[PDB]
Structure formats: structure tokens, C-alpha cells
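One file, query.tsv, carrying TSV, C-alpha atoms and all ligand atoms:
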chain	number	residue	atom	x	y	z
A	395	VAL	CA	17.78	-6.01	-9.87
A	396	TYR	CA	16.29	-2.58	-9.18
A	397	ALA	CA	15.63	-1.03	-5.77
A	398	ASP	CA	13.65	2.16	-5.13
A	399	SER	CA	13.57	3.80	-1.69
A	400	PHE	CA	11.25	6.56	-0.45
A	401	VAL	CA	8.90	7.39	2.43
A	402	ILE	CA	5.09	7.32	2.66
A	403	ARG	CA	2.43	7.59	5.34
A	404	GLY	CA	1.15	4.70	7.44
A	405	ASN	CA	-2.33	4.60	5.92
A	406	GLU	CA	-0.71	4.24	2.46
A	407	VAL	CA	2.06	1.75	3.30
A	408	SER	CA	-0.15	-0.92	1.70
A	409	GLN	CA	-1.25	1.49	-1.04
A	410	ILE	CA	1.77	0.57	-3.18
A	411	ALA	CA	0.71	-2.57	-5.07
A	412	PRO	CA	0.22	-3.53	-8.73
A	413	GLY	CA	-2.90	-1.74	-9.91
A	414	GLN	CA	-3.73	0.24	-6.76
A	415	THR	CA	-5.37	3.64	-7.10
A	416	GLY	CA	-5.48	6.71	-4.87
A	417	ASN	CA	-3.19	9.70	-4.60
A	418	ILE	CA	0.31	8.19	-4.48
A	419	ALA	CA	-0.59	4.90	-6.18
A	420	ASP	CA	-1.55	6.72	-9.39
A	421	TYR	CA	0.22	10.09	-9.12
A	422	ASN	CA	3.68	9.48	-7.61
A	423	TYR	CA	4.54	5.79	-8.11
A	424	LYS	CA	2.61	2.85	-9.61
A	425	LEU	CA	3.54	-0.81	-9.84
A	426	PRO	CA	2.55	-2.54	-13.09
A	427	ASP	CA	0.13	-5.44	-12.80
A	428	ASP	CA	2.84	-7.84	-14.03
A	429	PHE	CA	5.40	-6.55	-11.52
A	430	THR	CA	7.67	-9.22	-10.05
A	431	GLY	CA	9.68	-8.54	-6.93
A	432	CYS	CA	8.46	-7.24	-3.61
A	433	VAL	CA	8.26	-4.26	-1.28
A	434	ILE	CA	9.89	-3.73	2.12
A	435	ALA	CA	8.31	-1.50	4.76
A	436	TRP	CA	9.34	-0.43	8.26
A	437	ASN	CA	8.47	2.47	10.54
A	438	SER	CA	10.87	5.41	10.68
A	439	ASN	CA	8.94	7.44	13.25
A	440	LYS	CA	11.97	7.46	15.56
A	441	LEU	CA	14.17	9.20	12.98
A	442	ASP	CA	11.75	11.13	10.73
A	443	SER	CA	10.09	12.96	13.61
B	493	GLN	CA	2.38	20.41	-0.69
B	494	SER	CA	3.96	20.12	2.73
B	495	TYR	CA	4.37	16.56	4.02
B	496	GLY	CA	5.62	17.27	7.52
B	497	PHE	CA	5.86	14.71	10.30
B	498	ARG	CA	5.42	15.02	14.06
B	499	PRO	CA	6.36	12.41	16.69
B	500	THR	CA	2.94	13.00	18.26
B	501	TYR	CA	1.34	11.44	15.17
B	502	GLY	CA	-0.01	7.95	15.80
B	503	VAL	CA	-0.03	4.80	13.70
B	504	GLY	CA	-1.15	5.44	10.14
B	505	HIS	CA	0.50	8.87	10.19
B	506	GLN	CA	4.05	7.98	11.25
B	507	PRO	CA	6.66	8.08	8.46
B	508	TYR	CA	7.14	4.75	6.69
B	509	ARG	CA	10.41	4.51	4.78
B	510	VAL	CA	9.55	2.10	1.95
B	511	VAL	CA	12.06	0.35	-0.32
B	512	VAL	CA	10.87	-1.85	-3.19
B	513	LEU	CA	12.96	-4.41	-5.07
B	514	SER	CA	11.96	-4.91	-8.70
B	515	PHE	CA	13.16	-8.07	-10.44
B	516	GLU	CA	13.22	-9.05	-14.10
B	517	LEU	CA	13.72	-12.80	-13.80
B	518	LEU	CA	13.33	-14.00	-17.39
B	519	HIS	CA	15.36	-15.41	-20.28
B	520	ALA	CA	18.11	-12.79	-20.37
B	521	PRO	CA	21.78	-12.60	-19.36
B	522	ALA	CA	22.18	-13.22	-15.65
B	523	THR	CA	24.21	-10.73	-13.60
B	524	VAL	CA	22.78	-11.19	-10.09
B	525	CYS	CA	22.80	-14.70	-8.65
B	526	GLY	CA	22.59	-16.40	-5.29
B	527	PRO	CA	25.34	-17.98	-3.20
B	528	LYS	CA	25.10	-21.39	-4.89
B	529	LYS	CA	28.48	-23.07	-5.33
B	530	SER	CA	29.10	-23.80	-9.01
B	531	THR	CA	30.38	-27.33	-9.55
B	532	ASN	CA	32.08	-29.16	-12.40
B	533	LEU	CA	30.08	-29.56	-15.61
B	534	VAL	CA	29.21	-33.04	-16.89
B	535	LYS	CA	27.86	-34.12	-20.27
B	536	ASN	CA	25.94	-37.05	-21.76
B	537	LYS	CA	24.65	-38.07	-18.32
B	538	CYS	CA	21.26	-37.37	-16.79
B	539	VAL	CA	21.76	-34.58	-14.24
B	540	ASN	CA	19.50	-32.13	-12.40
B	541	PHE	CA	20.89	-29.00	-14.01
C	346	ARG	CA	-19.34	9.83	21.50
C	347	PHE	CA	-19.17	6.82	19.19
C	348	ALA	CA	-21.75	4.30	20.36
C	349	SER	CA	-20.87	1.00	22.00
C	350	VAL	CA	-20.59	-2.15	19.90
C	351	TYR	CA	-23.69	-3.78	21.41
C	352	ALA	CA	-25.77	-0.77	20.29
C	353	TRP	CA	-24.08	0.36	17.09
C	354	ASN	CA	-24.75	3.81	15.63
C	355	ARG	CA	-26.38	3.44	12.21
C	356	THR	CA	-26.60	6.42	9.87
C	357	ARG	CA	-28.63	7.05	6.72
C	358	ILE	CA	-26.82	8.52	3.71
C	359	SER	CA	-29.03	10.22	1.13
C	360	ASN	CA	-28.58	12.00	-2.21
C	361	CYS	CA	-25.02	13.30	-2.18
C	362	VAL	CA	-21.80	13.31	-4.19
C	363	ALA	CA	-19.53	11.53	-1.72
C	364	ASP	CA	-15.78	11.80	-2.34
C	365	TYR	CA	-13.92	8.89	-0.75
C	366	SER	CA	-10.56	10.66	-0.94
C	367	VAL	CA	-10.96	13.63	1.45
C	368	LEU	CA	-11.69	11.29	4.38
C	369	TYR	CA	-8.07	10.05	4.36
C	370	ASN	CA	-7.10	12.83	6.79
C	371	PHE	CA	-10.09	12.12	9.07
C	372	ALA	CA	-8.59	9.08	10.82
C	373	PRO	CA	-5.27	7.30	11.40
C	374	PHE	CA	-6.59	4.46	9.18
C	375	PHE	CA	-4.72	1.57	10.77
C	376	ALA	CA	-6.46	-0.87	8.40
C	377	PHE	CA	-8.38	-0.02	5.22
C	378	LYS	CA	-9.08	-3.51	3.90
C	379	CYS	CA	-12.12	-3.70	1.67
C	380	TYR	CA	-14.46	-6.32	0.23
C	381	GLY	CA	-15.92	-6.70	-3.28
C	382	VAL	CA	-16.01	-2.93	-3.73
C	383	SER	CA	-12.37	-1.86	-3.88
C	384	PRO	CA	-11.85	1.65	-2.46
C	385	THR	CA	-9.46	2.42	-5.32
C	386	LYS	CA	-12.02	3.37	-7.98
C	387	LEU	CA	-14.80	3.76	-5.41
C	388	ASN	CA	-15.51	7.37	-6.46
C	389	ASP	CA	-16.77	6.16	-9.87
C	390	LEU	CA	-19.72	4.11	-8.56
C	391	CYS	CA	-23.35	4.99	-7.96
C	392	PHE	CA	-25.10	3.30	-5.05
C	393	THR	CA	-28.76	2.76	-4.32
C	394	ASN	CA	-27.90	3.86	-0.78
D	601	LIG	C1	-26.58	7.59	15.27
D	601	LIG	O1	-26.15	8.65	14.30
D	601	LIG	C2	-25.26	9.70	14.73
D	601	LIG	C3	-23.85	9.14	14.70
D	601	LIG	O2	-23.27	9.14	16.00
D	601	LIG	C4	-25.67	10.25	16.09
D	601	LIG	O3	-25.58	11.68	16.10
D	601	LIG	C5	-26.65	12.45	15.50
D	601	LIG	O4	-27.20	11.91	14.28
D	601	LIG	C6	-28.24	12.70	13.70
D	601	LIG	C7	-28.76	11.94	12.50
D	601	LIG	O5	-29.44	10.76	12.91
D	601	LIG	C8	-27.69	14.08	13.33
D	601	LIG	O6	-28.74	14.88	12.79
D	601	LIG	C9	-27.09	14.75	14.56
D	601	LIG	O7	-26.47	15.98	14.19
D	601	LIG	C10	-26.06	13.84	15.22
D	601	LIG	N1	-25.53	14.45	16.43
D	601	LIG	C11	-26.27	14.78	17.50
D	601	LIG	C12	-25.52	15.40	18.64
D	601	LIG	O8	-27.48	14.59	17.55
D	601	LIG	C13	-27.05	9.75	16.47
D	601	LIG	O9	-27.46	10.32	17.71
D	601	LIG	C14	-27.01	8.24	16.59
D	601	LIG	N2	-28.30	7.73	17.04
D	601	LIG	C15	-28.44	6.92	18.10
D	601	LIG	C16	-27.18	6.56	18.83
D	601	LIG	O10	-29.54	6.50	18.45

How does this structure look as C-alpha cells?
Amino acid sequence: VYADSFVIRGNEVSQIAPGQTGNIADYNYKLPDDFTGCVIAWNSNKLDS
Amino acid sequence: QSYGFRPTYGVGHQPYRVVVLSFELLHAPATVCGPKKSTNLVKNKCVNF
Amino acid sequence: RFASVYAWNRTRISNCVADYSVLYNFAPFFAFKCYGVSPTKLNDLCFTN
């Protein structure tokens, strides 16, 4: 099992998906189309402000 | 380039700490498993293995 | 002064090279769901209008 943790903006919280394209989705982290597993997202505006 | 955050930023610009779990469930030696109690092993009898 | 829903503000777009990647800073973008045209490789399409 592999876990990867980072931070992204709200408009791109759904940008991370297998085969998505944009800035992050193709330049900083992509998920392969056959990726199995899932992503976890929550707001950290209280702390990262 | 700078990726600063301000608490005055609204939804879609607040920081979103994202963690993704990647699995590799396939025919390969198992190391991570759930909390299923292993029972005694039986042979030559039809059993839901 | 965005128009009310009952009288929506329609705009004509003419000959132009429109980059659908610089607009990402123009709004919070709470939801960016899209139909048959995915926004991912949207900058590689030519439209009648
Ligand atoms: C619909 O289009 C725009 C979007 O709000 C409104 O604003 C003007 O649009 C014209 C083009 O049609 C531009 O040339 C102007 O620069 C825009 N601004 C102003 C202040 O005129 C337009 O008024 C809207 N039309 C309506 C509501 O009937």
C-alpha cells in the first residue's frame, strides 16, 4: 500500500484523477488510467492560512 | 512560483491537503490485510475459502 | 453587473485564440464539471463558434 500526501487548491481538488489534464494533473502528479486505490481530500484553510 | 495562501481566500482557493492511497491488489505476496480472524484450515471438504 | 437569471447575458465570441488555462485565476471555481467536451484537452479544439 502506498500513500502520497500533499496540498493543492480548491479548484483543483478534483483535478487529480486518472487521465486528467491541466497544470498539476500533467506537470506535478498524474494518476495512471489503470490506477486502483482512492484519494482523500479535506480543507486545511484553518491551519494553512 | 509562489503558492501562498490567505485566510481571506474563499472556496476554491483555500488550501486542500490531499492524501492518496495507491493499491496494487493483484496476484502477489500479501503484506497488508484486514482484521479478519484466521481460522483453522480444512481439506477435502467444500468450503468458502 | 452580471445579469439576472430570467434575462441572461449572452455574449458572442468571434475569431480568437482562446486559452482555457489562464481563466483559472479569474474565479473561485467551486464546480468545474463539464459535458461531452472535457476541459482537459479543451485548448486543442477548433469551434465553429
Ligand atoms: C451582455 O454582454 C455583456 C456581458 O455582461 C454586457 O456588457 C457589454 O457587452 C458588450 C458586448 O455586447 C461590450 O462591448 C461592452 O464592453 C460590455 N460592457 C458594457 C459596460 O457595455 C452587455 O451589456 C450584455 N447585454 C445585455 C445585458 O443586454

Taking all atoms listed in the file into account, report as a count of residues only which residues of chain C lie within 9 Å of chain B.
5

| request: Write out as a PyMOL selection string the residues lying within 10 Å of residue 388 in chain C, counting only C-alpha atoms and excluding same-chain residues fewer than 5 positions away. | output: chain C and resi 362-366

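Contacts with ligand LIG 601 (chain D) are defined as any residue atom within 6 Å of a ligand atom, using all atoms listed in the file; the residues meeting this criterion are residues 347, 354, 355 and 356 of chain C.
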
Exercise for the section: Scan for residues within 10 Å of the point (-0.5, 1.8, 2.2) in the coordinates of the file, using all atoms listed in the file, and reply as a VMD selection string. Expected result: (chain A and resid 402 to 411 414 416 418 to 419 435) or (chain B and resid 504 508) or (chain C and resid 374 to 377)

A straight line from CA of residue 513 in chain B to CA of residue 396 in chain A spans 5.6 Å

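The coordinates place CA of residue 349 in chain C at 27.5 Å from CA of residue 393 in chain C.
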
Once you count all atoms listed in the file, which residues of chain B turn out to be within 12 Å of chain A? Could you give them as a PyMOL selection string? chain B and resi 495-518+522-525

**Request:** Using all atoms listed in the file, find the one residue out of A:428, A:417, A:423, A:412 that sits nearest to chain C.
**Result:**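 Counting all atoms listed in the file, the residue closest to chain C is A:417.
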
Worksheet item: Using all atoms listed in the file, which of C:382, C:387, C:359, C:350 sits nearest chain A?
Response: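 With all atoms listed in the file as the atom set, the closest residue is C:387.
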
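Reported to one decimal place, the separation of CA of residue 424 in chain A from CA of residue 494 in chain B is 21.3 Å.
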
field: Residues near residue 394 in chain C, cut-off 9 Å, all atoms listed in the file, skip fewer than 2 positions along chain, as a ChimeraX atom specification
entry: /C:357-360,391-392

Please put the answer as JSON: centre and edge lengths, in Å with one decimal, of a box along x, y and z that encloses all listed atoms of range 380-390 of chain C plus 8 Å on each side.
{"center_x": -14.6, "center_y": 0.3, "center_z": -4.8, "size_x": 26.3, "size_y": 30.1, "size_z": 26.1}
